[PDB]
Amino acid sequence: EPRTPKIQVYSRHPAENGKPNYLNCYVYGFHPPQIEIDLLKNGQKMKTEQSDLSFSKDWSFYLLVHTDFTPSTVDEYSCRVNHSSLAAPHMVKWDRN
């Protein structure tokens, strides 16, 4: 029985347009552990770094994916997750608010 991932997309620091920042996607609570995660800019895959896969009795499996980014007034950023508990990949949009 799979357990569906939960997905948090956030910037390391409060967003200001045109200032460099870090974009993060934390996904957790899932089983089985095989999972695919990307960060997207306007629907296109960004180059990212991905933490070590880890397990906790309180969180099941969890992973953090992150990259540099510079928010603007028009550019959209999202996290895309594919996992066997899902019928198709899910995307969560970064919301600066």
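Asks: Help me understand the sheet that holds strand β4 (residues 44-45) in this model?
Replies: Two pairing modes exist for strands in a sheet, parallel and antiparallel, and in both the strands are linked by backbone hydrogen bonds. Pairing is antiparallel in the open sheet, where four strands are placed in the order β4-β3-β8-β9. Both edges of this open sheet fall to β4 and β9 (90-93), since each of them pairs with a single strand only. Across two bridges, strand β3 (residues 36-41) lies against β4 in antiparallel orientation. Bridge assignment links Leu 40 to a residue of β4, and that residue is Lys 45.

Asks: Would you mind going over the state of the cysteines with me for this structure?
Replies: Working definition: the covalent bond between the sulfur atoms of two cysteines is a disulfide. Tallied over the full model, the rule gives one disulfide. The partner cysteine of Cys 25 in its disulfide is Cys 79, sulfur to sulfur 2.0 Å. Measuring the twist about the S-S bond at about -80 degrees, one finds the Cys 25-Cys 79 disulfide to be left-handed. With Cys 25 in strand β2 (residues 21-30) and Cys 79 in strand β8 (residues 77-82), this pair connects stretches of sequence that are 54 residues apart. The pair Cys 25 / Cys 79 is uniform in exposure class, with both members buried.

Asks: Quick question: what am I supposed to make of the side chain of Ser 60 here?
Replies: Its place among the elements puts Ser 60 in strand β7 (residues 60-69). Setting aside residues no more than four positions away along its own chain, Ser 60 makes contact with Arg 3, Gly 29, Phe 30, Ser 54 and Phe 55.

Asks: Help me out: how do you make sense of the pattern of salt bridges in this one?
Replies: For side chains bearing opposite charge, pairing can occur when the charged atoms are close. Taken as a whole and judged by the stated rule, the model has two salt bridges. Among the ionic pairs, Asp 38 bridges to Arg 80, the shortest N-O distance being 3.7 Å. One end of the pair, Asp 38, is in strand β3; the other, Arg 80, is in strand β8, and 42 residues separate them in sequence. The salt bridge partner of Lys 93 is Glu 76, with a shortest N-O separation of 3.0 Å. Of this pair, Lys 93 sits in strand β9 while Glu 76 sits in the loop between β7 and β8, and the two are 17 residues apart along the sequence. By relative accessible area, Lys 93 is classed as partly exposed at 48%.

So, how was this worked out
- Residues numbered from 1 in each chain as written, not as in the entry; some residues may be left out.
- Heavy atoms only, no water.
- Pairing = 2+ DSSP bridges.
- Helix = DSSP H or I, 4+ residues; strand = E, 2+ residues; numbered from the N terminus.
- Disulfide = S-S within 2.5 Å.
- Buried < 20%, exposed > 50% of the residue type's maximum accessible area, 1.4 Å probe, protein only.
- Contact = heavy atoms within 4.5 Å.
- Salt bridge = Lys/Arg side-chain N within 4 Å of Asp/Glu carboxyl O.

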